[PDB]
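Protein chains: 4
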Amino acid sequence: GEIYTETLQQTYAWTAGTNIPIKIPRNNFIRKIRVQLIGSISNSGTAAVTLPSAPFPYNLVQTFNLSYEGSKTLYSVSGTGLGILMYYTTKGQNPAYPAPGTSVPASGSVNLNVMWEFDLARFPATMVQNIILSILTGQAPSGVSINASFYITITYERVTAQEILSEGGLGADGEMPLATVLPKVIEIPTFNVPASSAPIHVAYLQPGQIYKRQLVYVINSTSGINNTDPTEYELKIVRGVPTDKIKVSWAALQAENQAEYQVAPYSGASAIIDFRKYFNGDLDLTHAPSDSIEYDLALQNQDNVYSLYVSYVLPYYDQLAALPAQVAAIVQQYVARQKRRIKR
Amino acid sequence: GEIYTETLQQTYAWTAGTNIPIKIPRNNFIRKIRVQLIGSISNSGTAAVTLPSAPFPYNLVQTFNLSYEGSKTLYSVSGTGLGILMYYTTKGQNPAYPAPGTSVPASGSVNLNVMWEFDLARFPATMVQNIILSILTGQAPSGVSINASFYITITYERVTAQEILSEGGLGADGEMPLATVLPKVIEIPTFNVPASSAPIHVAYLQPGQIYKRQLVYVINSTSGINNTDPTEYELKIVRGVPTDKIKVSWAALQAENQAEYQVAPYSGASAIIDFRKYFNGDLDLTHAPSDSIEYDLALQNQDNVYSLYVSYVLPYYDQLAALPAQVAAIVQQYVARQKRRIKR
Amino acid sequence: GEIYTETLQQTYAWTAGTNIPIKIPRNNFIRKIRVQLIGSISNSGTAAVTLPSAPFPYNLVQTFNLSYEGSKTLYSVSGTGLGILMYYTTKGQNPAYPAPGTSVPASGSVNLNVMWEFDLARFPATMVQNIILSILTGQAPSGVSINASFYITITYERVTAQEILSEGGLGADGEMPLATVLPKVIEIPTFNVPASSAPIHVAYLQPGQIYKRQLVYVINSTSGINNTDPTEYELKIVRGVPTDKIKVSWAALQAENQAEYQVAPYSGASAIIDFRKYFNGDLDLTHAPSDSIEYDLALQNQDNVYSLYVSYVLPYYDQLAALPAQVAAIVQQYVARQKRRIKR
Amino acid sequence: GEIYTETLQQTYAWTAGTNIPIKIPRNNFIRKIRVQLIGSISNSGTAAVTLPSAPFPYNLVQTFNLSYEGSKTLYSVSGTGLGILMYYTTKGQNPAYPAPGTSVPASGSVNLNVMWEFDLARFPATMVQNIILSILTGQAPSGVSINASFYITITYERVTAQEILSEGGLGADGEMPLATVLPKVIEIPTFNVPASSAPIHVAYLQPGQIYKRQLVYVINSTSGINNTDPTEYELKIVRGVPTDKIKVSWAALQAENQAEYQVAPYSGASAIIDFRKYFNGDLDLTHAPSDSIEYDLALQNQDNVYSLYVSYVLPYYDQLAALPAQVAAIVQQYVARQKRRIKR
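As given, the protein sequences belong to chains A, B, C and D, one line each in that order.
Here my numbering is used: the first residue of the first sequence is 1, the next is one more, and so on.
Here my numbering is used: the first residue of the second sequence is 1001, the next is one more, and so on.
Here my numbering is used: the first residue of the third sequence is 2001, the next is one more, and so on.
Here my numbering is used: the first residue of the fourth sequence is 3001, the next is one more, and so on.
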């Protein structure tokens, strides 16, 4: 329909270690929600204080949580998570000032401007209840004080009752259009994946969703996100004959990110795997049995591996499959378009 | 047909405050004309002179004016205008040396190299008369002397009589092919829009053309184009019930430029708005009544807002619309292809 | 089918002035082979040794040569040749550490990590014999020691007997699928093309292949690949009345690469010319008489011009040409996807 | 068919920390591949160097990797893993010299002869691609130099077109015979399972294969594989009513190994548990939901537990099951004979 964007006038002060819940008005359908930490980082101290390095400024917002009906979660990532995903999908052109390690002049200040983006394809926001984007802010860097707020810029698409019927009307239970593609950008952290030379099992992909891409990055206790432990990444199909979709070295995985995202690696410890290139189309596990696909890591030291998934669920995935080759042909073309809308 | 490029033998020495008219050879159809200010900026003074900042080097060519038959205007922009349009549509990768604020070694020189690009879709240059690209150069920066020349690089497409018939022949009056798409990159400056917090009316888009994207940027008398006054942008459909395709804050408008153009903002005072994302396809006002869509600005101080539009006209827009669903399907496939060629 | 990638467990020590033949397992078809010179460059000298500039680190690998059956050559490029091709086709983001001229702390070391990528579209590796990528390493920079190895990362595509029939079965002689698209990335160097201001004949493209793009770069004996001699590039069709597909100035050619590849010129002496933009689609010389297309260069001085071509041959180009308008329609669509898969 | 065995001429020099990939000729089907590190261990030093103790010599080949098409893994164990498994299934009669702790006469030498055996039942090696056995050797014992090579002894069974039909023809997709029994000897290591008196959770058996027996052994950082921490092993069915198939004390588990394998314990830290004796026939988890059977360990100190499983998968496990009681009776007879072939 008629996509259109506006900023919500009511803003929110960034206070350290707080949960600032945001109401996202449900005017029409929602295509994407941008969030911005905009202000400055002030040093009132006598000596020029150097800002923490990556993931900062990103981690100033410890975690993100966009959900509707207080129960259904569309997003659950940390600013460090969604922030890094942002760093890739945009050739590292995503707003994040100041850069890691920048100095706040002694008794002067710097500029704060960071952004995140939750792509909800074409979320039927008028048919659901309470789209509350809860931002659980992190910690103010040491020596400086964050003096910014958040600006929610929402993208609506004026889907009409008519147009909705033109893609298969409503779902089975009629709560969203049949061709709904709810984004499920979750991030599941794993702790203490041990040091090894041969990639050891890290975690399984749980079924119940179609995976578009996976962002993995390790966290050393010393170097934070700036280490080089991840050496050997590996996506293993465990169910049945043991088969390997990926058995690529870390350097080489960051290599495909050079050609793929045309951008420098975000840190020595991060990378991205697009399922459409290792499978045919997106890696679907809507109906695959549990613990059938796991991803491994050969880590130099023993740390924590964070895995962010840009996956999505089809709330009527069955009626889409049980649709006539006649109708399914048109509906699938809508679902196909929506699945690509949820990039970042 | 057979696109092919060559630089014109004839160059033009850049002199300050001069109008240099360039004749553009009419060999085949014209797809794109590049201009290059190439030479050096010399400092003969005892101390190293720092070059003026943005819009420099761009403003070295105060204005551009590409038109045919001396009466029909295809382009009418400023170097600062088209330069910023160039800075965005090319991921800020467009040649522009030296950068703003560069030092010309004391009794030495730096390198000059700036570029502009007028996309004429597939302009029927063999069918019109006198394609004259008039560059009214601006002022040589203070303390240094511009020592460059212009290089016109033209892209012809070997469209043949046969191929022309293959798109709906010629127009009603037979002056260009029916599926012609003349680029109308005009730039309309507005003066003294007063300071406000609520977007106050700046100017209307007058009808008679299809709008593709609009490049808006303000000019402070003090910081020039390096201010942060533009704070609130707004595209209001005034005719009928008032409606808002855009009511996004400035920060957020530059935000969409981050994800959109994958390039840092040209200055705190610029941005670009794509109508295709706020409408369905391009924002057409070929026949819409006047003063029906205006764009607002909430300015920190009171300044000058320059608006460069990348729009295009269909010289037989009615024969394309008054054509059989039979031919219209095919002719439409050509105009549809061409309009997209005029990006920059 | 099902693309899947892995690194070969077996690596190769980078030694100065050696030929290291590599075996590429023929598991499925091969989509692309990445090679990484990963290690470090240690300086054991008392004072910090600054590494040679461009083309380094790329030239650490003097030449590459991937071919099958000891007789059929898919690649014939130098590390400096393929290296710049990599620098362009990836927005200059391809791994290449340390940068030219980086200093190795005195009795300390730096990081070595360089990459190349041979795109074989969907090379029928299971139907050929001996896919051997011979890497003939070059010379260790003066004063420092290269402490790296090569990592062969292969991308196989699970093309099945089934799917193969689905694109036109096998060739005439049945040695590859009818829709095979062999990449022929060769590099032809010329010596002492004299200093001239008017583009002088440098070399013809010998027929027998479809050229996709050509990477030209000059080498001054003094400044190496960091000179600015190439000033005038020109693609002349010599058979018949001479014609000019290109007569663009060097500045302007790198200019088209800025907008093209969104990255600064690799050095003043390099550029890339896409045949797709100077003709309709690719420049085919499968059947053109030899000496019918040459490219010229007006060099400031007299040096050596290296011309790397990313062209491809269709081993059954005639059956693709003598196929029914029926089948030709589908087989064409496969070759079309494949020809573009070989970008870099 | 006609089982027949031959040694491959091509040997492989054992070098420390190298990966040596072996191609296994794909002549007929493959029944078993034996590997032998045969040579000597030389001491050129003045004092006679005592060879490291167990797992040496086994760990001279740090890891093994037999897989086909480079992606589907048949084996994935360590020289210490497969070596210990070999140590049991052959009444400790498997060639393994010198014994742990043997002295290499001062400036003289000893005899090296170690062996492994990968049982592939009757693997359809001619219908697959690239059976590559990758041996990533370990480190030369300290003070001595391993002077050996590997000898690949493969046992083919000449299965004919007819015979294949006599067991149910081909699979669903016809890529192996219906009665195929792919060995799945994997080894999943667990790190830092804590010291406890009560068997603490060590790891779950993931579904997707039928388990024959599992080789568990602990690795102390001090005593290596020569400790006595595992005291209480325990096989717990977690799904359903919590049930214990095994709750045997370590001494006694090594006890069943006395009667079972008629061989002294490989070390105080190892054992084998045959599922066939705690279930009726094999422990199958081709279809049980995951995390339904885990095995526990009460370790004296806190160490590393490696679990080598000798399991096997039936790539057409469903058609064997969906076969008529008539055909199934015969097909089951082949699969039944195949499964018992893969002992070690």
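For every residue, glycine included, the Cβ atom is placed at its ideal position computed from N, Cα and C.
N-terminal and C-terminal residue of the beta strand (DSSP E) that residue i is part of
i, result
"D303/A", "303–313"
"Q2036/C", "2029–2043"
"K3245/D", "3243–3246"
"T155/A", "149–157"
"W3116/D", "3109–3123"
"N19/A", "19–24"
"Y1211/B", "1210–1219"
Cutoff 7 Å: residue i Cβ touching any chain A Cβ
i, result
"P2095/C", "yes"
"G3208/D", "yes"
"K1212/B", "no"
CB contact flag (residue i, residue j, <7 Å)
i, j, result
"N3301/D", "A3195/D", "yes"
"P141/A", "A48/A", "no"
"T1190/B", "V1305/B", "yes"
"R3031/D", "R3122/D", "yes"
"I2152/C", "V2310/C", "no"
"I84/A", "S221/A", "no"
"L3060/D", "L3037/D", "yes"
"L3182/D", "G3169/D", "no"
"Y1211/B", "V1128/B", "no"
"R213/A", "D284/A", "no"
"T3090/D", "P3055/D", "no"
Neighbour flag for residue i against chain B, beta carbons, 7 Å
i, result
"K91/A", "yes"
"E167/A", "no"
Within-7 Å CB hit, residue i to chain C
i, result
"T1160/B", "no"
"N147/A", "no"
"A251/A", "yes"
"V202/A", "no"
"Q62/A", "no"
"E3294/D", "no"
Anticipated Cβ contact below 8 Å, residue i with residue j, distance rounded
i, j, result
"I225/A", "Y88/A", "Not really, about 14 Å apart at Cβ, beyond 8 Å."
"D244/A", "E2006/C", "6 Å"
"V2185/C", "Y2295/C", "About 17 Å; that fails the 8 Å criterion."
"residue 370/A", "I33/A", "Because chain A is modelled from 1 through 344, residue 370/A falls outside the range shown and cannot be assessed."
"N2113/C", "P2100/C", "Wrong, their Cβ atoms sit about 14 Å apart, outside the cutoff."
The alpha helix (DSSP H) enclosing residue i, as first and last residue numbers
i, result
"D2318/C", "2317–2321"
"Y2295/C", "It is not in any alpha helix (DSSP H) - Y2295/C instead sits in the beta strand (DSSP E) that spans 2293–2298."
"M176/A", "It is not in any alpha helix (DSSP H) - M176/A carries neither H nor E in the DSSP assignment."
"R3341/D", "3325–3341"
"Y1087/B", "1079–1089"
"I164/A", "161–165"
Min CB distance residue i to chain D below 7 Å
i, result
"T286/A", "no"
"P2025/C", "yes"
"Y2151/C", "no"
**Asked** Which residues, in chain order, does the region 2121–2135 of chain C contribute to contact with chain A at a C-beta distance below 7 Å?
**Response** The region 2121–2135 of chain C vs chain A, Cβ under 7 Å: nothing.
**Asked** Which residues, in chain order, does the region 3013–3046 of chain D contribute to contact with chain C at a C-beta distance below 7 Å?
**Response** Taking 7 Å as the Cβ-Cβ cut-off against chain C, the residues of the region 3013–3046 of chain D that qualify are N3019, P3021.
**Asked** Which residues, in order along the region 2223–2245 of chain C, keep a beta-carbon less than 8 Å from a beta-carbon of chain B?
**Response** Listed in sequence order: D2244, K2245.
**Asked** Looking at chain D, which residues of the region 2249–2282 of chain C have a Cβ within less than 9 Å of any of its Cβ atoms?
**Response** Result list empty, no residue passes.
**Asked** Which of the residues in the region 3051–3079 of chain D, read from start to end, lie with their CB under 9 Å from any CB of chain C?
**Response** Cβ contacts with chain C come from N3065, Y3068, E3069, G3070, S3071.
**Item:** chain A contacts made by the region 3170–3191 of chain D, where a contact means CB separation under 8 Å
**Value:** Of all residues in the region 3170–3191 of chain D, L3182, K3184, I3186, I3188, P3189, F3191 have a Cβ within less than 8 Å of some Cβ in chain A.
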